[PDB]
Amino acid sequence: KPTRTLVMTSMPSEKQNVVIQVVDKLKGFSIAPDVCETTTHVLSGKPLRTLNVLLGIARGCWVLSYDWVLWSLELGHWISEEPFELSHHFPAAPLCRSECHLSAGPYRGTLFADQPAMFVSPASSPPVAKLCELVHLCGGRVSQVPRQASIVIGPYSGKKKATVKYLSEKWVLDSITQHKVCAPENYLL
């Protein structure tokens, strides 16, 4: 019973069959439907910014090309991941993976550590709990109520307050993906 999971994302069904077959032959992983606390490797069939890619970066997983599985099968063992990192599409991926690997104790990002508390709309996309998870894992502070926050993320129907930034979910996601706190001005609702 492996203690790490691997997740497939943007994976055509015929490629999923191959990954499942390779993991059955090389062992070393359980396959999980979505990124979770045990996940170390996220395999993408097409470099689309899915929720699993985002969660993968937030947790400092390997975010890898499908070709990693193909080469590993050919050589009869799991090979080095570095050559297969999807850094062109997701520049933060190798950055967060490097820092996670250096961590003593559970890893937590610091991208958002200098931001004030954020309230995430219950109506957000990606869904509220996952978007909060992303904010927390990337070193941000999550408010339970809007009065607690200087930043409110996603659809919000309450009365607006003057010293609060009302930003799209994309502000969070583009920041995570680039490992830069994006300029709020471009994400205003």
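Each residue number is its position in the shown sequence, starting from 1.
Asker: Averaging C-alpha B-factors over each stretch, which comes out higher, 158 to 166 or 134 to 142?
Answerer: Comparing averages over the C-alpha atoms only gives 158 to 166.
Asker: Mean CA B-factor: is it higher for 103 to 111 or for 86 to 94?
Answerer: On average, C-alpha B-factors are higher across 103 to 111.
Asker: Quick one: which of 173, 181, 11, 18 shows the highest Cα temperature factor in the PDB entry?
Answerer: Each of 173, 181, 11, 18 was compared by C-alpha B-factor; the highest is 181.
Asker: Tell me, please, which of 33, 47, 28, 60 has the highest C-alpha B factor according to the deposited entry?
Answerer: Highest C-alpha B-factor among the listed options: 47.
Asker: Within this chain, which third does the Cα B-factor at residue 69 fall in: lowest, middle or highest?
Answerer: CA B-factor rank for residue 69: lowest third.
Asker: Give the position of residue 54 by CA B-factor within its chain, expressed as the lowest, middle or highest third.
Answerer: Lowest third, going by the recorded CA B-factors of the chain.
Asker: Going by what the PDB entry lists, where does residue 152 fall on CA B-factor within its chain: lowest, middle or highest third?
Answerer: Answer is middle: the recorded C-alpha B-factor places it there.
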